[PDB]
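*Asks:* What follows is a structure written as structure tokens; I'll ask about it next.
Here the Cβ positions follow ideal geometry from the backbone for every residue, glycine too, while neighbour counts run over all protein chains shown. We did not get these values from a lab; they are worked out from the coordinates using the rules stated.
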Amino acid sequence: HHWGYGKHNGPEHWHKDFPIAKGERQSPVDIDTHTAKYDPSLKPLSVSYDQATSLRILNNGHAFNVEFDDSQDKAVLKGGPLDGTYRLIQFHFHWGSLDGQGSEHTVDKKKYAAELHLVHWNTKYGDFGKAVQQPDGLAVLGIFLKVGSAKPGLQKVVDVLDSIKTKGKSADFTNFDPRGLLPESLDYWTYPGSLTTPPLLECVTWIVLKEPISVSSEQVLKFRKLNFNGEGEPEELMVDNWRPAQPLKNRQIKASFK
Ligand SMILES: [Zn+2]
């Protein structure tokens, strides 16, 4: 039936409806730190989120998205391995049922408790829908979350989850500053990949930050209280909405640091 993360519709079944799942530039991957090539020609990332305008938070049945106004160049990513300007459209997370799993990318096979994805689209394409059809249409910043100390800047998010518990619910979510979600260092790994959920288009330049941010156990617990199901349907907790690492195939992972 429709795709999800259960036994009968999970990642291992996606290829039936989305043949691109067994493609040549599928994401996530395992980051082998000894095989990643330091590339001194890569520029530092430029994150200009001071004018970010968030609008809403939504439970789409597979995660929760915080959406931003992308009608102008207010929150953009540029530099790094990118050419042009990429506008932030939304951010979301992938998490697990336990603290030992949840991230999509792994580092030397280490899994983190969750992974944040900031999704950006290449402004030369005019809109998000056109951008997904191009090899350089999107740039996704990925940030790992480890459990330790609470992240103050994440609390506003945590607090509104009760109101979007089931699929299709949404809530006004204005004046949220995504700068509160960044690690101190912007060192990163980069590779050409895809979206990690259907339709799995190979249109992403991945930018994975080396430094994880910490969240408290209690903050992550609140994530695990969301539901995959819609209101009045049997309860299925929203946990383990992560795709396992895919084959690197013909790709090189580059590092911005040594
Ligand atoms: Zn994602």
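*Asks:* In whole Hz, what ³J(HN,Hα) sequence does region 148-156 give by Karplus (6.51, -1.76, 1.60; θ = phi - 60°), x for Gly and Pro?
*Replies:* Running phi through 6.51 cos²θ - 1.76 cosθ + 1.60 with θ = phi - 60° gives x, 6, 5, 9, x, x, 8, 4, 4 Hz.
*Asks:* Let me ask something else about it. Anything over 19 Å Cα to Cα? Flag those among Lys156/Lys222; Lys130/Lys254; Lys165/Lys222; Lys74/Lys165; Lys130/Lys249, in the order listed.
*Replies:* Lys130/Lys254; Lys74/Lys165; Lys130/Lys249
*Asks:* Taking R0 as 30 Å, what's the FRET efficiency between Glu24 and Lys130 from their Cβ-Cβ distance, rounded to 0.05?
*Replies:* Computed FRET efficiency for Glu24 and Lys130: 0.85.
*Asks:* Round to the nearest 0.05 the FRET efficiency obtained for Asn229 and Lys109 when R0 = 30 Å and r is the Cβ-Cβ distance.
*Replies:* The formula returns an efficiency of 0.40 here.
*Asks:* Moving on to the next point. Take the residue pairs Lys110/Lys146; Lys78/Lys109; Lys43/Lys151 and return only those whose Cα atoms are more than 18 Å apart.
*Replies:* Flagged as over cut-off: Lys78/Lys109; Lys43/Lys151.
*Asks:* What list do you get for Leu88, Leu55 if you sort them by fewest beta carbons within 10 Å?
*Replies:* Fewest-to-most ranking of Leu88, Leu55: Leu55, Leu88.
*Asks:* Let me ask another. Starting from the 7 Å offset along Cα-to-Cβ, what nm value, one decimal, do you get for the label separation of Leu98 and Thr53?
*Replies:* 4.5 nm
*Asks:* Tabulate in residue order the Karplus-calculated ³J(HN,Hα) for region 214-225, using 6.51 cos²θ - 1.76 cosθ + 1.60 with θ = phi - 60°, rounded to whole Hz; enter x for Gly and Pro.
*Replies:* Per residue, the Karplus-derived 3J(HN,Hα) values read 9, 10, 8, 3, 5, 5, 5, 4, 4, 5, 5, 9 Hz.
*Asks:* Determine the relative contact order of the chain: mean sequence separation of Cα pairs under 8 Å and six or more apart, normalised by residue count, in whole percent.
*Replies:* It comes to 27 percent, rounded to a whole number.
*Asks:* Here is a further query. Can you run phi through the Karplus equation (6.51, -1.76, 1.60; θ = phi - 60°) for region 130-143 and list ³J(HN,Hα) in whole Hz, with x for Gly and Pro?
*Replies:* 6, 4, 5, 8, 10, x, 10, x, 10, 10, 10, 7, x, 9
*Asks:* Around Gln90, under 9 Å between beta carbons, what's the net of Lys plus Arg minus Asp minus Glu among the other residues?
*Replies:* -2
*Asks:* Among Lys37, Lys16, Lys146, which one shows the biggest mean-square fluctuation in a GNM of the chain, springs joining Cα atoms closer than 10 Å?
*Replies:* The residue with the greatest mean-square fluctuation here is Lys16.
*Asks:* Could you give log10 I(q)/I(0) at q = 0.09, 0.10, 0.15 Å⁻¹ for the chain, computed by the Debye formula over C-alpha point scatterers of equal weight, without solvent?
*Replies:* Evaluating at q = 0.09, 0.10, 0.15 Å⁻¹ gives log10 I(q)/I(0) of -0.37, -0.46, -1.14.
*Asks:* If you rank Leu58, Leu42 by fewest surrounding Cβ atoms within 10 Å, what's the result?
*Replies:* Starting with the residue having the fewest Cβ neighbours, the order is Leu42, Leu58.
*Asks:* Please list, by residue number, everything in region 14-46 whose backbone N is under 12 Å from a paramagnetic label point 7 Å out along Cα→Cβ of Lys258.
*Replies:* Residues 38-41 fall inside that zone.
*Asks:* Would you compute, from DSSP H runs of 4+ residues alone, the mean residue ellipticity of the chain at 222 nm, taking -39500 (n - 2.57) per run and dividing by the full residue count, rounded to the nearest 500?
*Replies:* -1500 deg cm²/dmol
*Asks:* Report the Cα centroid-to-centroid distance between region 220-241 and region 39-104 in angstrom, as an integer.
*Replies:* 23 Å
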